[PDB]
Amino acid sequence: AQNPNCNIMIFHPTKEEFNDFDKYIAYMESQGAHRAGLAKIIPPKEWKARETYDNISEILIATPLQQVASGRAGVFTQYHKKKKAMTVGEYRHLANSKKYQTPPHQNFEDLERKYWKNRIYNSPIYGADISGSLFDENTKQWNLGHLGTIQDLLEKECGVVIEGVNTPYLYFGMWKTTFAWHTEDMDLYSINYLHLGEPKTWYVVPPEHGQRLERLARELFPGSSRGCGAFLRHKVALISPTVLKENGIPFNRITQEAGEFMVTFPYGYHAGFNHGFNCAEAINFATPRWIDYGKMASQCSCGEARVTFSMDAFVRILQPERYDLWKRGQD
Ligand SMILES: O=C(O)CNC(=O)C(=O)O
Ligand SMILES: [Mg+2]
Ligand code: NI
Ligand SMILES: [Zn+2]
């Protein structure tokens, strides 16, 4: 069995290996990368996502989200308070202001310590889930706006033709902006490219151990757990590495820098934070190996998780018994 300790693997494809996206994912899996729940891919030195980032300031963040925390430093939830629209140039200036900028620090480890000590005492503003792409249309390799769609994968594997679309999303972050513990919708893969700016630290639980994280979360967030049998789908709960280690939960951590791709694998729980002003692009994707994970994915039916149009068909075809209840939660 490859990668039996479920370590995060880092890949350096050549320019020739970077041509065929599906083939390279399957390669990484042949080496056990999925066992970690997360892999890093460093593009060949010949590759670029686009020519420059000098002209992005006029992108609009229609609904910036202020991430307000409640709880204790290592075990907290966050809610998202909507703020007035602002441009990426305005948001960058905000991120760099004395109120929001990254503090002085020695290295990534010191910064990580400061994040876990101090996160809850501040409310950083995140531009999330903005439909669009920063890949140049002429970038042929690993262009997250040109990937094979999940609907076409389901159709290729299972023969059923379904409605829905699959497009990328932009994320503009600042110091302390936080992504809560979650798996993807329908336990899909994700791919995330850090276009510019400061790093993103990730934490991940191996897929084979995901239920250990879920059981800890039910203990740590007992009211939420009573409210919903899949409350991590709400994407609001944070648990620190120290707490995870205290409770024996297997996990790994890695820091993504600008120019690097991360892939999350089906049912790989992940969480993390941004080091300072940055911009990432991410999208879900599928492979044949995902299908069985999609059929088994938990679902929120309490009404909190509310998701895209395109997830309807996935539930309807893969999970027909659950469909009726889940759809009620959507409506
Ligand atoms: O970058 C972020 O804020 C969150 N991204 C992801 O969870 C991802 O790519 O799967
Ligand atoms: Mg612009
Ligand atoms: Ni994710
Ligand atoms: Zn729910």
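**Student:** Give me the lowdown on the sheet that holds strand 5 (residues 75-82), citing residues and values where you can.
**Tutor:** Sheets are built from strands paired through backbone hydrogen bonds, the pairs being either parallel or antiparallel. Judged by pairing direction, the sheet is mixed, and its 10 strands sit side by side in the order 1-2-14-10-16-8-7-4-5-12 without closing on themselves. Each having just a single partner strand, strand 1 (9-11) and strand 12 (237-239) make up the two edges of the open sheet. Adjacent strand axes in the sheet meet at a mean angle of 25 degrees, parallel and antiparallel pairs treated alike. The pairing of strand 8 (residues 169-173) with strand 16 (residues 278-285) spans 5 bridges and is classified as antiparallel.

**Student:** Go over the site of ligand 1 with me, naming the residues and quoting the values.
**Tutor:** Surveying the vicinity of ligand 1 reveals the residues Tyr126, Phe179, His182, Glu184, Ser190, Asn192, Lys200, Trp202, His270 and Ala282. At 2.5 Å from an oxygen atom of ligand 1 is found a side-chain nitrogen or oxygen belonging to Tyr126. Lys200 places a side-chain nitrogen or oxygen 2.9 Å from an oxygen atom of ligand 1. Relative to its free-state accessible area of 300 Å², ligand 1 is covered by the protein chains to the extent of 93%. Secondary-structure elements contributing two or more residues to the shell around ligand 1 are strand 9 (178-182), strand 10 (189-197) and strand 11 (200-205). For the shell around ligand 1, the per-class residue count stands at 4 nonpolar, 4 polar and 2 charged.

**Student:** So what's going on with the UniProt feature "domain: JmjC" in the protein chain? Residues and values would help.
**Tutor:** According to UniProt, the positions carrying the feature "domain: JmjC" are residues 136-302. Within the segment residues 136-302, helix and strand shares are 23% and 31% respectively, and the terminal C-alpha atoms sit 40 Å apart.

**Student:** Talk me through the pairing of strand 14 (residues 261-264); I want residue IDs and the actual numbers.
**Tutor:** Residues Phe261 and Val263 of strand 14 are buried on one face, and the alternating residues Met262 and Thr264, pointing to the opposite face, are buried as well. Bridge analysis of strand 2 (residues 38-41) against strand 14 gives 4 bridges, and the strand direction is antiparallel. Paired with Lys40 across the bridge in strand 14 is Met262. In the sheet, strand 10 pairs with strand 14 via 4 bridges, with the strands oriented antiparallel. Bridge assignment links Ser190 to a residue of strand 14, and that residue is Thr264.

**Student:** I'd like a rundown of helix 9 (residues 311-318), residues and numbers included.
**Tutor:** Judged by how many residues are buried, helix 9 sits mostly within the fold: 6 of 8 residues are covered. If you check which residues of helix 9 are buried, you get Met311, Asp312, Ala313, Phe314, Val315 and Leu318. Buried residues in helix 9 make contact with helix 4 (150-158), helix 8 (290-296) and helix 10 (320-330).

About the cut-offs
- Residues numbered from 1 in each chain as written, not as in the entry; some residues may be left out.
- Chains lettered and ligands numbered in written order.
- Heavy atoms only, no water.
- Residues with missing side-chain atoms left out of burial classes, pairs and counts.
- Pairing = 2+ DSSP bridges.
- Helix = DSSP H or I, 4+ residues; strand = E, 2+ residues; numbered from the N terminus.
- Axes fitted to C-alpha atoms, helices over the stretch in contact; angles between N-to-C directions.
- Near = heavy atom within 4 Å.
- Polar contact = N/O pair within 3.5 Å; in protein donor to acceptor, adjacent residues only side chain to side chain.
- Areas by Shrake-Rupley, 256 points an atom, 1.4 Å probe, with all protein chains shown as cover.
- Nonpolar A, V, L, I, M, F, W, Y, C, P; charged D, E, K, R; others polar.
- UniProt positions renumbered as here; feature names shortened; annotations may be inferred.
- Buried < 20%, exposed > 50% of the residue type's maximum accessible area, 1.4 Å probe, protein only.
- Contact = heavy atoms within 4.5 Å.

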